[PDB]
Every structure is written in structure tokens, then in C-alpha cells.
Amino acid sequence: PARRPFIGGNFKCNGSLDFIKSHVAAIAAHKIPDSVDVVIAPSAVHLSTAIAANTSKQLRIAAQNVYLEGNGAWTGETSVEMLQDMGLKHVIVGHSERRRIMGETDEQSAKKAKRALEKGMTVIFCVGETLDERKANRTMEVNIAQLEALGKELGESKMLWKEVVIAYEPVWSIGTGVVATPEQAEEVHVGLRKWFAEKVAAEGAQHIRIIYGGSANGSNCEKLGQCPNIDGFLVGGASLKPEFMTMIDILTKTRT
């Protein structure tokens, strides 16, 4: 059985008010089919501007991060409550920039995800290995460890996992212009799906979306989208460009 395809655009720390207005309008003007989930994640200060600019009935706005506590004395942090008050359904958790550059631990990412999921959000949960870890032949060990941390907070819970979208982004592919080959990406996605079937649920493994990120763009996404276990993309740099819309079209054509 199959999955609703998913494409997310992570703007990261980019944008101005004028850009958000113009780019969100451009995406919203694209004919987005009802058969694919399309989500964009502007920087936190731009979320309300993006929501106001979003005239699409399909496009959804997401956050790039959320904290693991509710409202309270957490200077600089955003709560799930704040995001839901703004009408958001989606949030990115555990992006490799936060894990590897900003010191977000496996347990911290897992706790953020659990809190968001328990409150009814859809979490795009990111995992991935560094070039060093892949050279050491620890690719699956690393990715599985990141997921087992979420598993520790959610276990086998049903429908905690229902609204998880796993995003595999090899760290060596992020912003480097070095995309994983379809073979390399599919191999990891197969491994993640086997892990899910074994440690969570066999039926659940058939339904969970596992998307690929890391230098995914309009030129390479068709071949990735043709891989049985790659349900779509988490797009960084290309999400700031008109080619993001081309990717939506390619994903639709290849997987619906």
C-alpha cells in the first residue's frame, strides 16, 4: 500500500518581508493538486506575513523549529501552543543544522517531536549522517539511533507516529550541491522502513512518509521520486526559487 506524497520547502534563515510576500504569492499561484502535501517553512519572524500572503487552499505554512516546553520562561523560544494559535499544523524538528551546529541532542529532538505530536501537529522529523560517519560505515547506526530516540519518547504509539514524516538528509548533501544518488538514497530509505516495520509496526511501515533532503532540486528530483521508498522531498535552497513549483509538478507526475 502507498503514501500521500509530501514536499516541504525549508527557507532556513533567508527572506525579507517583501520576499516572503512575493514568493509565497508565487507558490500560491501555482496549481497545487489535492493529491500531494505541500508545505513551506519560513523563518519564525515571517510566519504571520506568509500566512497572510498564502491564498492557496492547498499550500500550508510550517515552522522550522519549536521548543520542548509549553509557554513559560524560555527566552528566544517558540512553543507548540504559539504555533497552533497561529493556525499551523506542521513543524520541522531535528534539522541537521540544529543537531550538528547548534548542539540539539537526539533526546532533545525526540522530546520536541513528542510534544508537538501529542498536541496534534504533524512533525517533519529529520535524521542523517555526516560524511565521517558514512566513511566509518555507520550510516544506518546513526540514523537508527536518531529514530530510536523518538521511539523512546513515543514507543510503538499509534498515531503518535501517524503524523510523523521522516526526512532523511545526509549531512554531506546539505547545501553542498552533492545530491545522494537514487541508489544511495533508496538504500537508506529501505533501511529506515525495515527499522520501522521491525520496531514500530509492519502495517505502519507501509504508511509512514519518508522524504529525502539534501541538494534536491528541479533537475534531480524525478529520479529520486521514482524510487519506491522516497515519498517526496525536503527542499532547502531550491525552495527559495521558482523551481520549487517545478518540483511540486514532478512529484505529482511521478508519485500520483
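Throughout, we count residues from 1 along the sequence that is shown.
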(message) If you average the CA temperature factors as listed in the entry, which stretch comes out higher, 166-174 or 129-137?
(response) 129-137
(request) Mind pulling up the entry and telling me whether 43-51 or 24-32 has the higher mean Cα temperature factor? (result) 24-32
(message) Between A63, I230, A201, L59, which one tops the list for Cα B-factor in this entry?
(response) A201
(request) Name the residue from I210, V188, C221, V38 with the greatest C-alpha temperature factor listed in the entry. (result) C221
(message) Among the modelled residues of this chain, does the Cα B factor of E156 put it in the lowest, middle or highest third?
(response) highest
(request) Please place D85 in the lowest, middle or highest third of its chain by C-alpha B factor as given in the entry. (result) lowest
(request) Determine, from the deposited record, the chain-internal third of the Cα B-factor for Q146: lowest, middle or highest. (result) highest
(request) Sort the modelled residues of this chain by their C-alpha B factor and say whether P1 lands in the lowest, middle or highest third. (result) highest
(message) Splitting the chain's C-alpha B-factors into thirds, which one does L68 fall into?
(response) middle
